[PDB]
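One structure below.
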Amino acid sequence: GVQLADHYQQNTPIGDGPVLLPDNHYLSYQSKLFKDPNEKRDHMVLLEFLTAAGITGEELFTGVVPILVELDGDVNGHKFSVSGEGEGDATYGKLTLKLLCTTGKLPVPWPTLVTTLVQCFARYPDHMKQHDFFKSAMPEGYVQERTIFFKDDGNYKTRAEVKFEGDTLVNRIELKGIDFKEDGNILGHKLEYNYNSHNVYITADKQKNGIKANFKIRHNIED
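To convert, note that position 209 of the sequence shown is 210 in my numbering; the numbers rise steadily by one, no gaps.
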(Lines of atoms letter the chains of each structure in order from A; the text may use other names.)
(Lines give C-alpha, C1' and ligand atoms only; values in the text may rest on other atoms or scores of the structure.)
Protein backbone atom coordinates (compact mmCIF):
# COMPACT_ATOMS: atom_id res chain seq x y z
CA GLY A 2 0.00 0.00 0.00
CA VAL A 3 0.99 3.73 -0.17
CA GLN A 4 0.14 6.69 1.98
CA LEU A 5 -1.05 9.38 -0.41
CA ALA A 6 -0.23 13.03 0.28
CA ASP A 7 -2.27 15.35 -1.95
CA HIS A 8 -0.35 18.62 -2.44
CA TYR A 9 -1.93 21.97 -3.33
CA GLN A 10 0.60 24.75 -3.82
CA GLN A 11 0.72 28.43 -4.70
CA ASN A 12 3.72 30.70 -5.18
CA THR A 13 3.68 34.49 -5.25
CA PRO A 14 6.50 37.04 -5.67
CA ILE A 15 7.84 38.87 -2.64
CA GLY A 16 9.15 41.80 -4.69
CA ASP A 17 7.67 44.10 -7.30
CA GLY A 18 9.86 43.36 -10.33
CA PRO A 19 8.38 41.57 -13.33
CA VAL A 20 8.12 37.78 -13.12
CA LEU A 21 7.64 35.17 -15.81
CA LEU A 22 4.13 33.71 -15.84
CA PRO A 23 4.54 30.27 -17.45
CA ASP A 24 2.56 28.03 -19.74
CA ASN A 25 1.38 24.80 -18.13
CA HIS A 26 4.31 22.44 -17.58
CA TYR A 27 5.83 19.92 -15.15
CA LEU A 28 8.76 19.75 -12.82
CA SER A 29 9.97 16.15 -12.89
CA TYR A 30 11.46 15.24 -9.50
CA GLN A 31 13.61 12.31 -8.46
CA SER A 32 14.74 12.16 -4.83
CA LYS A 33 16.94 10.02 -2.62
CA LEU A 34 17.07 9.94 1.18
CA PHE A 35 20.15 8.97 3.16
CA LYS A 36 21.39 8.73 6.71
CA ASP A 37 24.80 10.11 7.66
CA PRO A 38 26.29 7.31 9.80
CA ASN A 39 28.34 9.85 11.76
CA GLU A 40 25.39 12.19 12.41
CA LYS A 41 24.00 11.27 15.81
CA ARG A 42 21.07 13.71 15.89
CA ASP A 43 17.76 12.90 14.16
CA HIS A 44 18.37 13.99 10.59
CA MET A 45 17.81 13.49 6.86
CA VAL A 46 20.22 13.81 3.95
CA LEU A 47 18.05 14.78 0.99
CA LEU A 48 19.21 14.68 -2.63
CA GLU A 49 16.87 16.01 -5.29
CA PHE A 50 16.98 16.23 -9.04
CA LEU A 51 14.40 18.50 -10.67
CA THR A 52 13.93 19.15 -14.40
CA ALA A 53 11.27 21.08 -16.27
CA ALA A 54 9.32 19.30 -19.00
CA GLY A 55 6.37 19.95 -21.28
CA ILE A 56 2.91 18.49 -20.78
CA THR A 57 3.51 16.41 -23.93
CA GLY A 58 17.28 36.27 -11.64
CA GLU A 59 18.72 33.43 -13.70
CA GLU A 60 22.16 35.04 -13.39
CA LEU A 61 22.16 34.17 -9.68
CA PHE A 62 21.96 30.42 -10.42
CA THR A 63 24.84 29.87 -12.86
CA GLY A 64 27.01 28.21 -10.22
CA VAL A 65 26.70 26.40 -6.90
CA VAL A 66 24.51 28.31 -4.44
CA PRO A 67 24.62 27.63 -0.68
CA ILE A 68 21.25 26.94 0.88
CA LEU A 69 19.91 27.43 4.39
CA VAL A 70 16.63 25.87 5.51
CA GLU A 71 14.76 26.70 8.73
CA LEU A 72 11.41 25.15 9.68
CA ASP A 73 9.24 25.68 12.74
CA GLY A 74 6.49 23.10 12.97
CA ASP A 75 3.60 22.04 15.17
CA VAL A 76 1.78 18.76 14.36
CA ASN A 77 -1.09 17.78 16.69
CA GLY A 78 0.58 20.06 19.23
CA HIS A 79 4.02 18.44 18.91
CA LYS A 80 6.31 21.42 18.37
CA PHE A 81 9.60 20.89 16.58
CA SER A 82 12.27 22.72 14.63
CA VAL A 83 14.36 21.60 11.66
CA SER A 84 17.52 23.36 10.51
CA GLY A 85 19.54 22.50 7.43
CA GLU A 86 22.21 23.53 5.06
CA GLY A 87 23.10 22.48 1.59
CA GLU A 88 23.95 23.43 -1.94
CA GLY A 89 21.95 23.77 -5.14
CA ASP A 90 23.22 23.67 -8.73
CA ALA A 91 20.43 24.66 -11.12
CA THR A 92 22.65 23.96 -14.13
CA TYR A 93 22.13 20.27 -13.27
CA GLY A 94 18.79 20.71 -11.50
CA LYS A 95 20.48 19.30 -8.40
CA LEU A 96 20.24 20.01 -4.71
CA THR A 97 21.72 18.48 -1.58
CA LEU A 98 20.54 19.20 1.96
CA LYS A 99 21.47 17.92 5.40
CA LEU A 100 18.60 18.66 7.77
CA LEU A 101 18.61 18.13 11.54
CA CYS A 102 15.78 18.14 14.03
CA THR A 103 17.16 20.57 16.60
CA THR A 104 14.46 19.88 19.22
CA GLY A 105 15.08 16.15 19.63
CA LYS A 106 13.23 13.34 17.89
CA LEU A 107 11.19 14.42 14.88
CA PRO A 108 7.52 13.68 15.70
CA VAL A 109 6.62 12.86 12.07
CA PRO A 110 8.44 10.73 9.47
CA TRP A 111 11.16 12.60 7.62
CA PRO A 112 9.71 11.68 4.18
CA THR A 113 6.54 13.65 5.00
CA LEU A 114 8.65 16.84 5.18
CA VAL A 115 10.63 16.35 1.94
CA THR A 116 8.39 18.55 -0.20
CA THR A 117 8.28 21.27 2.44
CA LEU A 118 12.06 21.40 3.04
CA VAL A 119 13.37 25.17 -3.41
CA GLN A 120 12.05 24.89 -6.91
CA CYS A 121 14.31 27.72 -8.08
CA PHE A 122 17.03 25.07 -8.57
CA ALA A 123 15.11 23.29 -11.32
CA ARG A 124 16.94 22.83 -14.61
CA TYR A 125 14.80 24.41 -17.33
CA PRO A 126 15.86 23.32 -20.81
CA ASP A 127 16.69 26.12 -23.16
CA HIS A 128 13.43 25.97 -25.00
CA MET A 129 11.65 26.45 -21.66
CA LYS A 130 13.53 29.23 -19.96
CA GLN A 131 10.71 31.71 -20.37
CA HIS A 132 8.57 29.52 -18.15
CA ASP A 133 10.86 29.67 -15.06
CA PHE A 134 8.79 31.69 -12.58
CA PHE A 135 11.01 30.70 -9.67
CA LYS A 136 14.29 32.23 -10.82
CA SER A 137 12.55 35.30 -12.25
CA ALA A 138 11.31 36.23 -8.75
CA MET A 139 14.88 36.31 -7.38
CA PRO A 140 16.68 37.80 -5.51
CA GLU A 141 13.66 39.22 -3.69
CA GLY A 142 12.07 35.77 -3.80
CA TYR A 143 8.67 34.19 -3.45
CA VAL A 144 6.25 32.89 -0.87
CA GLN A 145 5.37 29.21 -1.28
CA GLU A 146 2.20 28.11 0.47
CA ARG A 147 0.80 24.62 0.57
CA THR A 148 -1.91 22.45 1.98
CA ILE A 149 -1.00 18.75 2.08
CA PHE A 150 -3.85 16.29 2.68
CA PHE A 151 -2.71 12.89 3.91
CA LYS A 152 -5.35 10.38 2.80
CA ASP A 153 -7.39 9.03 5.73
CA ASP A 154 -5.26 11.16 8.08
CA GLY A 155 -4.41 14.76 8.96
CA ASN A 156 -3.13 17.68 6.92
CA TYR A 157 -0.15 20.05 6.84
CA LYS A 158 -0.42 23.74 6.06
CA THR A 159 2.85 25.44 5.22
CA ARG A 160 4.06 28.94 4.43
CA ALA A 161 7.65 29.50 3.30
CA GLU A 162 9.68 32.46 2.10
CA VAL A 163 12.35 31.53 -0.41
CA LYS A 164 14.76 34.32 -1.20
CA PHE A 165 18.40 35.34 -1.39
CA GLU A 166 19.97 36.78 1.74
CA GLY A 167 23.38 37.82 0.50
CA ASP A 168 24.96 34.89 -1.29
CA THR A 169 22.71 32.31 0.40
CA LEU A 170 19.36 31.02 -0.83
CA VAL A 171 17.16 30.76 2.28
CA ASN A 172 13.97 28.69 2.70
CA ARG A 173 12.22 29.75 5.95
CA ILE A 174 9.08 27.76 6.74
CA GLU A 175 6.24 27.57 9.21
CA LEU A 176 4.25 24.33 9.29
CA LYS A 177 1.05 23.45 11.13
CA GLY A 178 -0.36 19.93 11.09
CA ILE A 179 -3.77 18.95 12.44
CA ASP A 180 -6.21 16.06 12.65
CA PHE A 181 -3.60 13.29 12.55
CA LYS A 182 -4.38 9.84 13.91
CA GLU A 183 -2.23 8.84 16.87
CA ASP A 184 -2.20 5.32 15.36
CA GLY A 185 -1.71 6.36 11.74
CA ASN A 186 1.17 6.11 9.33
CA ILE A 187 2.44 9.58 10.24
CA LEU A 188 2.28 9.89 14.03
CA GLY A 189 2.88 6.15 14.24
CA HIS A 190 6.02 6.33 12.05
CA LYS A 191 4.97 3.70 9.52
CA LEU A 192 6.53 5.17 6.36
CA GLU A 193 9.53 3.73 4.57
CA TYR A 194 12.63 5.93 4.59
CA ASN A 195 12.74 6.45 0.84
CA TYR A 196 11.08 8.56 -1.83
CA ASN A 197 9.38 8.00 -5.17
CA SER A 198 9.58 10.13 -8.33
CA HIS A 199 6.82 12.62 -9.01
CA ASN A 200 5.76 15.21 -11.58
CA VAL A 201 4.65 18.60 -10.23
CA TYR A 202 1.96 20.23 -12.41
CA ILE A 203 2.55 24.01 -12.69
CA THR A 204 0.08 26.57 -14.08
CA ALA A 205 0.06 30.35 -13.97
CA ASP A 206 -2.15 32.41 -11.63
CA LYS A 207 -2.45 35.89 -13.12
CA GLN A 208 -4.60 37.31 -10.31
CA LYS A 209 -1.83 36.61 -7.77
CA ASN A 210 0.95 37.27 -10.31
CA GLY A 211 2.35 33.83 -9.55
CA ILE A 212 1.79 30.14 -10.05
CA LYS A 213 -0.14 27.23 -8.61
CA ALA A 214 0.79 23.58 -8.56
CA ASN A 215 -0.95 20.29 -7.91
CA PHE A 216 0.60 16.88 -7.36
CA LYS A 217 0.32 13.67 -5.39
CA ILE A 218 3.13 12.26 -3.30
CA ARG A 219 3.12 8.51 -2.74
CA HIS A 220 4.87 7.45 0.48
CA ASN A 221 5.70 3.76 0.70
CA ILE A 222 4.50 2.14 3.93
CA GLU A 223 6.86 0.20 6.20
CA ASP A 224 6.58 -0.89 9.84
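Each residue gets a CB set at the ideal place from its N, CA and C atoms; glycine is no exception.
> Among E71, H79, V83, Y27, which one has its Cα closest to the Cα of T57?
Replying inline: Start at 1 with the first residue of the sequence shown, and residue 57 comes out as number 56. The shortest Cα separation from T57 among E71, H79, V83, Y27 belongs to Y27.
> Which residues bound the beta strand (DSSP E) around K33?
Replying inline: In the sequence shown, the residue the question calls residue 33 occupies position 32. Per DSSP, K33 belongs to the beta strand (DSSP E) from 26-35.
>> Looking only at its chain, what residues have a beta carbon closer than 8 Å to the beta carbon of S198, apart from the 5 residues adjacent to it on each side?
In response: The residue labelled residue 198 in the question sits at position 197 within the sequence shown. These residues qualify, in order along the chain: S29, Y30, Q31, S32.
> So what does DSSP say about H44, is it helix, strand or coil?
Replying inline: Here residue 44 refers to the residue found at position 43 of the sequence shown. Three-state result, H44: strand.
>> Judging by CA-CA distance, which residue of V20, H128, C102, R219 is the nearest neighbour of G58?
In response: As a first step, residue 58 is located in the sequence shown; it is residue number 57 there, counting from the start. If we check each option's Cα against that of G58, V20 comes out closest.
> Are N77 and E183 closer than 9 Å when you measure CB to CB?
Replying inline: The residue given as residue 77 occupies position 76 in the sequence shown. The residue given as residue 183 occupies position 182 in the sequence shown. Taking 9 Å as the Cβ cut-off, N77 and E183 qualify as a contacting pair.
> CB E86 to CB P112, shorter than 9 Å?
Replying inline: The residue you call residue 86 lines up with position 85 of the sequence shown. The residue you call residue 112 lines up with position 111 of the sequence shown. One thing to note: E86 has its Cβ no nearer than 9 Å to the Cβ of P112.
> Which residues bound the alpha helix (DSSP H) around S137?
Replying inline: Counted from its first residue, the sequence shown places residue 137 at position 136. In the DSSP assignment, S137 falls within the unbroken alpha helix (DSSP H) covering 134-137.
> Do you know offhand how far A205's Cα is from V70's?
Replying inline: Here residue 205 corresponds to residue number 204 of the sequence shown, with the count starting at 1. Here residue 70 corresponds to residue number 69 of the sequence shown, with the count starting at 1. Cα-Cα distance, rounded: 26 Å.
> If you draw a straight line from the C-alpha of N210 to the C-alpha of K177, how long is it?
Replying inline: Within the sequence shown, residue 210 is the residue found at index 209, counting from 1. Within the sequence shown, residue 177 is the residue found at index 176, counting from 1. Each residue's alpha carbon lies about 26 Å from the other.
> To which residues of the same chain is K106 closer than 6 Å at the C-beta, ignoring the five residues directly before and after it?
Replying inline: If you number the sequence shown from 1, residue 106 lands on position 105. Correct list, in chain order: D43.
> Along the chain, which unbroken stretches of the beta strand (DSSP E) at least 3 residues long are found entirely within the segment 102-153?
Replying inline: Counting only runs of 3 or more, we get 143-151.
> When burial is assigned at 16 or more other CB atoms within 10 Å of the CB, is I222 buried or exposed?
Replying inline: Numbered from 1 along the sequence shown, position 221 holds the residue referred to as residue 222. With fewer than 16 Cβ atoms within 10 Å of its Cβ, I222 is classed as exposed.
> Any idea what DSSP makes of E88, helix, strand or coil?
Replying inline: Position 87 of the sequence shown, counting from 1, holds the residue named residue 88. DSSP places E88 in strand when its eight states are reduced to three.
> Which residues in the same chain have their Cβ closer than 6 Å to the Cβ of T169, if we skip the five residues on either side of it in sequence?
Replying inline: Counting from one through the sequence shown, the residue named residue 169 turns up at place 168. Excluding residues within five positions, the ones whose Cβ falls inside 6 Å are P67, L69.
> What does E49 pair with, by DSSP beta-bridge criteria?
Replying inline: The residue given as residue 49 occupies position 48 in the sequence shown. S32, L96.
> DSSP puts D206 in a beta bridge; with which residues?
Replying inline: In the sequence shown, counting from the first residue as 1, residue 206 sits at position 205. BP columns for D206 point to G211.
>> DSSP three-state label for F62, please.
In response: For the purposes of this step, residue 62 is taken as the residue at position 61 of the sequence shown. Here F62 sits in helix by DSSP.
> Alpha carbon to alpha carbon, what distance is there between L51 and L188?
Replying inline: As a first step, residue 188 is located in the sequence shown; it is residue number 187 there, counting from the start. As a first step, residue 51 is located in the sequence shown; it is residue number 50 there, counting from the start. Each residue's Cα considered, the two are about 29 Å apart.
> Candidates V171, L100, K191: which alpha carbon is nearest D154's?
Replying inline: Your numbering for residue 154 matches position 153 in the sequence shown. Ranking the options by Cα distance to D154, first place goes to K191.
> Should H132 and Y125 be called a contact, given that it needs their Cβ atoms to be closer than 9 Å?
Replying inline: Along the sequence shown, one-based indexing puts residue 132 at 131. Along the sequence shown, one-based indexing puts residue 125 at 124. Taking 9 Å as the Cβ cut-off, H132 and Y125 qualify as a contacting pair.
>> I'd like the span of the beta strand (DSSP E) that includes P23, first residue to last.
In response: Locating residue 23 in the sequence shown gives position 22, counting from the first residue. Here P23 belongs to no beta strand (DSSP E), and DSSP marks it neither H nor E.
> With a Cβ-Cβ cutoff of 9 Å, do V46 and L118 count as a contact?
Replying inline: Along the sequence shown, read from residue 1 onward, the residue named residue 46 stands at position 45. Along the sequence shown, read from residue 1 onward, the residue named residue 118 stands at position 117. It is not a contact, given that the beta carbons lie outside the stated cut-off.
>> Tell me the rounded alpha-carbon separation between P23 and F134.
In response: Position 22 of the sequence shown, counted from the start, is the residue given in the question as residue 23. Position 133 of the sequence shown, counted from the start, is the residue given in the question as residue 134. In a straight line, the C-alpha of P23 is about 7 Å away from that of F134.
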